[PDB]
Amino acid sequence: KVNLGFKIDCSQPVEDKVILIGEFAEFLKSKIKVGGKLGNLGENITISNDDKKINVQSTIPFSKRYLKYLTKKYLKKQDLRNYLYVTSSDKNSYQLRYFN
Amino acid sequence: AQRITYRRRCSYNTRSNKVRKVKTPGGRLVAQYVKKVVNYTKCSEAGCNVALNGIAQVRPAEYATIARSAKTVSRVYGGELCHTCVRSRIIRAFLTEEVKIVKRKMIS
Amino acid sequence: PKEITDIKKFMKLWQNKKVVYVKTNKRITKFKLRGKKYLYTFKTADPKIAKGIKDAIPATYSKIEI
Amino acid sequence: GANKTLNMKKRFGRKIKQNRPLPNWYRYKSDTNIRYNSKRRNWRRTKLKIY
RNA sequence: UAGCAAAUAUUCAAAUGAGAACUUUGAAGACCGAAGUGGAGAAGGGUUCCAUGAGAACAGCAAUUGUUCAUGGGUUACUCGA
RNA sequence: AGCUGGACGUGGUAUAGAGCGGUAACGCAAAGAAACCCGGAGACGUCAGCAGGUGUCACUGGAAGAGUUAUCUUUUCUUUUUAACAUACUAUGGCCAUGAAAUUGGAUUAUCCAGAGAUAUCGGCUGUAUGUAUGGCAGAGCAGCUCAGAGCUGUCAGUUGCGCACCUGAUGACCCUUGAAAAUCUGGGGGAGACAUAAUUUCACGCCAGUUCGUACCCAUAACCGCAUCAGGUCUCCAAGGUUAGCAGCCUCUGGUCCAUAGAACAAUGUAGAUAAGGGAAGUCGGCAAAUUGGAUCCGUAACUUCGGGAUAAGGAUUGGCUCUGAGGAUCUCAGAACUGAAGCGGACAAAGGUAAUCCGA
Ligand SMILES: [Mg+2]
Ligand SMILES: [Mg+2]
Ligand SMILES: [Mg+2]
Ligand SMILES: [Mg+2]
Ligand SMILES: [Mg+2]
Ligand SMILES: [Mg+2]
Ligand SMILES: [Mg+2]
Ligand SMILES: [Mg+2]
Ligand SMILES: [Mg+2]
Ligand SMILES: [Mg+2]
Ligand SMILES: [Mg+2]
Ligand SMILES: [Mg+2]
Ligand SMILES: [Mg+2]
Ligand SMILES: [Mg+2]
Ligand SMILES: [Mg+2]
Ligand SMILES: [Mg+2]
Ligand SMILES: [Mg+2]
Ligand SMILES: [Mg+2]
Ligand SMILES: [Mg+2]
Ligand SMILES: [Mg+2]
Ligand SMILES: [Mg+2]
Ligand SMILES: [Mg+2]
Ligand SMILES: [Mg+2]
Ligand SMILES: [Mg+2]
Ligand SMILES: [Mg+2]
Ligand SMILES: [Mg+2]
Ligand SMILES: [Mg+2]
Ligand SMILES: [Mg+2]
Ligand SMILES: [Mg+2]
Ligand SMILES: [Mg+2]
Ligand SMILES: [Mg+2]
Ligand SMILES: [Mg+2]
Ligand SMILES: [Mg+2]
Ligand SMILES: [Zn+2]
């Protein structure tokens, strides 16, 4: 058992009304898998929303790798991927960006 | 899969031409030329053929580079003979002279 | 390249054109003497030995830091 | 190949120099019939003797 | 005229040029498939290597391209080998 | 970083003759020497299996990047490196003690060893790394991200293999075969000489030098030889994934390549490739050519014989997919059962057609 947490910095897109923190949140809750479950968000895992960021905390072992995966899928669903790219801002955080 | 190149202009595989694959800090896999193994040092007496202890097994050159220790041992024939052969030598010499004197007194 | 465990021999070597190269790593620090046929490294863990050796830098030897 | 005698090197050098074309200004001399260097040689079509 | 038919294969756009099926970039489709169409040597070759330039000839069609022509430049060792 | 040859400097070993420790194997920066005589290494075959290491390949958690995202995919790929050299430790064997073994033991996959001293001791000594740790070393290399040449981040921690190539270690088998030499480095036995302000000494650290020649490039379906840019010929090393007995074939990644004048038509004849209802060599000098056969597992297997063989003799079956069950091991093989298909399943690739006689030559 460990305390892990990860910060997804969604700052840029909110400002232009591209991302909606609200829906990204729901998305993440949906696609997060425990032991093969889409829904058991069982208490060990926690998700928070802010205006600019999302936070994931877990007792159960986790890797931001997964976060990047999910995020990407989200971006492809929203067709934003030719605009946005996720990157590693810090050890514990992944930031979104526009290119050009 | 990385492949190598001889570095010596001798492409033929000869006991003296052996190569070993080394992995460098560069990430390269490089041929490095490996040297030849040599036979351990044996006691010199007839039919004995014992592996000497406490002497280094070294390629002939490096023998000029080592410390006196590896070149030697502390017995009467330190380098040349093993203990058993030393011992049997001692004994034989002593007893032989004894028989010699005995023959001498029996002659006089 | 030789490395030294006991500060004494190291200090005999830097007491013996002499310059001393100190370099920082996260967990450790290293002190480095240049001599004709050998490059002497000296590593320490704790800051005490560290500062103590930084003190030890004589007027004869100039200290370079990377 | 790689390995060569001196003799070789020198000979090769020689033939290498001798293989230049007639210098364009020699054709302007008053007493010459020489349009070109008749003795030029091409490694592929003709081989030297070195052994 | 015989003939230029072995070794699976090429295609699209741009650029360069008097001229492009045969040159250069990119985009596609296939091959050798680590017993190679890969990376390096010995023998043999001797400058064929590198760069820039290019009329004819040669590269059995072609060429703006070259193993060809012209000009310049390249081969450093106590530890490799002799 | 190492090596050889120089030449002294500063420290240190040793001796009024010439280190010290251990019972012993043996040990330790150093511890006097000529003729002379003996050594060790150099210094070696073929094959078979075993063990280990390197490189490679595979897998696991972490991190950065990239591919896919209508659907599914905590996903798929990529990087995640460590030179010679220094010090210390471990390494398939051999030795030294102590004690001797019969209700003989020990031990390998195999051999094989022992009172000519086995086994066994909180025993000990020694030899070999392409091993481990640290130095080298991160400052380099690699992967990402910024800034307008400078900058920042990470390069981490594990597991397994009758896998593969090479090397090493300990063995085994073989010969009416028994598998170079010298230069070179080094050790032993011997103690003639040399020497008091002395003499000599395989310790450290420092000072000096390393000359001459070859180093480009091709090594081939275009740099060689074949009158050539010839479908021939020409000695080597490095080797990835999948299938598999497999370095076969077939398909892939790294790296390379599309070069072989082109376009269109589609007759005869041809070169190469296939398939033919019914019959089955009637064709033909002739079964020439083609066809059949082909893996693996289970059955079954004659005469003849020099008893080795014949032998995949001949012949008869099975082979996919899927869902379960049991057995062999450490601190990947084998067997059962059930269900399901156009009764197909070595689905490509790979891959014997048999039998009975006669003649030669063993
Ligand atoms: Mg980017
Ligand atoms: Mg040096
Ligand atoms: Mg030659
Ligand atoms: Mg020729
Ligand atoms: Mg000729
Ligand atoms: Mg023809
Ligand atoms: Mg080709
Ligand atoms: Mg080649
Ligand atoms: Mg090449
Ligand atoms: Mg010296
Ligand atoms: Mg042998
Ligand atoms: Mg991983
Ligand atoms: Mg042992
Ligand atoms: Mg760095
Ligand atoms: Mg093995
Ligand atoms: Mg081989
Ligand atoms: Mg023999
Ligand atoms: Mg002696
Ligand atoms: Mg040819
Ligand atoms: Mg045509
Ligand atoms: Mg028919
Ligand atoms: Mg029939
Ligand atoms: Mg029929
Ligand atoms: Mg036939
Ligand atoms: Mg039988
Ligand atoms: Mg059968
Ligand atoms: Mg038969
Ligand atoms: Mg079945
Ligand atoms: Mg069954
Ligand atoms: Mg069935
Ligand atoms: Mg079939
Ligand atoms: Mg027949
Ligand atoms: Mg015959
Ligand atoms: Zn002996």
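Please note: Cβ atoms are built from the backbone with ideal geometry, for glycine as well, and neighbour counts cover all protein chains shown. No value in this document is a laboratory result; all are computed from the given coordinates.
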Unit charges at the beta carbon, dipole of chain B: most positive-side option, B:84, B:17, B:72:
B:17
Restricting to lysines and to Cα separations under 17 Å from residue B:36, and discarding same-chain partners fewer than 8 apart, the set is B:18, B:21
For the charge dipole of the protein assembly as shown, defined by +1 on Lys and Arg C-beta atoms and -1 on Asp and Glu C-beta atoms about the Cα centroid, which residue among D:6, A:71, A:42 has the Cα displaced farthest towards the positive pole?
D:6
Zone of residue C:12 (label point 7 Å along Cα→Cβ, backbone N under 18 Å): which residues in region C:34-66?
C:34-43
One finds the C-alpha centres of region A:19-40 and region D:16-32 to be spaced, in Å, by 87 Å
For region B:64-79, what does the Karplus curve 6.51 cos²θ - 1.76 cosθ + 1.60, with θ = phi - 60°, yield as ³J(HN,Hα) per residue in whole Hz, taken in order and with x for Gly and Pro?
7, 8, 7, 7, 3, 3, 4, 5, 8, 9, 8, 7, 6, 10, x, x
Reachable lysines from residue D:17, Cα under 30 Å, same-chain residues fewer than 8 places away excluded?
D:4, D:9, D:29, D:39, D:47, D:49
In nm, give the distance between the simple-model label positions of residue B:87 and residue B:61, each being 7 Å from the Cα along the Cα-to-Cβ direction.
4.0 nm
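Quick one: plug the Kirkwood hydrodynamic radius of chain A (C-alpha pairs) into Stokes-Einstein at 4 °C, 1.567 mPa s, and report D in µm²/s. Don't skip to the end; give the middle numbers.
Working: Rh = 13.8 Å.
Using the Kirkwood radius from Cα pairs, D works out to 94 µm²/s.
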About its Cα centre, what dipole magnitude does the protein assembly as shown give when the only charges are +1 on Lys and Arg Cβ and -1 on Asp and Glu Cβ, stated in debye to the nearest 20?
3360 debye
If I model a spin label at residue A:83 and residue C:19 as a point 7 Å from the Cα along the Cα→Cβ vector, what separation in nanometres do I get?
5.6 nm
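Which chymotrypsin sites (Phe, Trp or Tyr not before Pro) from region B:1-37 combine a DSSP loop assignment with at most 13 other Cβ atoms within 10 Å? Walk me through the numbers on the way to the answer.
Numbers: sites: B:6, B:12, B:33; in loops: B:6, B:12.
Here the chymotrypsin sites (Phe, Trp or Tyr not before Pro) that fit, given the DSSP loop and packing criteria, are B:6, B:12.
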Could you list the residues of region B:24-65 with an amide nitrogen less than 13 Å from a label point located 7 Å from the Cα of residue B:2 in the Cα-to-C-beta direction?
B:24-32
Could you give the length gained on full extension between residue A:43 and residue A:2, defined as 0.36 nm per residue of separation minus the Cα-Cα distance, in nm?
13.4 nm
For helix B:83-107, report the angle its Cα long axis makes with the longest principal axis of the Cα atoms of chain B; keep it between 0 and 90° and round to the nearest 10°.
20 degrees
For a paramagnetic label modelled at 7 Å from the Cα of residue C:50 toward its Cβ, which residues of region C:16-41 fall within the zone defined by backbone nitrogen distances under 16 Å?
C:22-32
Which one, B:99, B:37, B:57, is farthest towards the positive end of the dipole of chain B when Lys and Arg carry +1 and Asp and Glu -1 on their Cβ?
B:37
Given charges at beta-carbon only (K, R positive; D, E negative), |dipole| of chain B in Debye:
680 debye
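Exceeding 20 Å between C-alpha atoms, which entries from my cross-link table qualify? They are A:29/A:64; C:2/C:48; C:26/C:54; C:23/C:43; C:2/C:37; C:26/C:48. Mind dumping the intermediate values first?
Values: A:29/A:64 15 Å; C:2/C:48 23 Å; C:26/C:54 17 Å; C:23/C:43 10 Å; C:2/C:37 10 Å; C:26/C:48 15 Å.
C:2/C:48, as the Cα separations exceed 20 Å there.
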Whole-angstrom gap from region B:22-59 to chain C, using each part's C-alpha centre:
36 Å
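Tell me, what is a quarter of the convex hull surface for the C-alpha atoms of the protein assembly as shown, in nm² with one decimal?
Working: hull surface 206.2 nm².
If I average the Cα hull's projected area over directions, I get 51.6 nm².
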Over all distinct Cα pairs, what is the inverse of the mean 1/r for chain D, reported as the Kirkwood hydrodynamic radius in Å?
13.2 Å
Give me, ordered by chain and number, the residues 5 or more places off residue A:94 or on other chains with an amide H under 5 Å from its own placed amide H.
A:7, A:8, A:9, A:89
By the mean-Cβ-within-10 Å protection proxy, highest first, B:58-65, C:33-40 rank as C:33-40, B:58-65
Please tell me the relative contact order of region A:30-94 in percent, rounded to the nearest whole number, where contacts are Cα pairs under 8 Å and at least six residues apart.
18 percent
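Please compute the length gained on full extension between residue A:90 and residue A:31, using 0.36 nm multiplied by the number of residues separating them and subtracting their Cα-Cα distance. Write out the running numbers ahead of the final one.
Values: separation 59, 0.36 × 59 = 21.24 nm, distance 2.35 nm.
18.9 nm is the gain from fully extending residue A:90 to residue A:31.
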Please compute the length gained on full extension between residue B:30 and residue B:102, using 0.36 nm multiplied by the number of residues separating them and subtracting their Cα-Cα distance.
18.6 nm
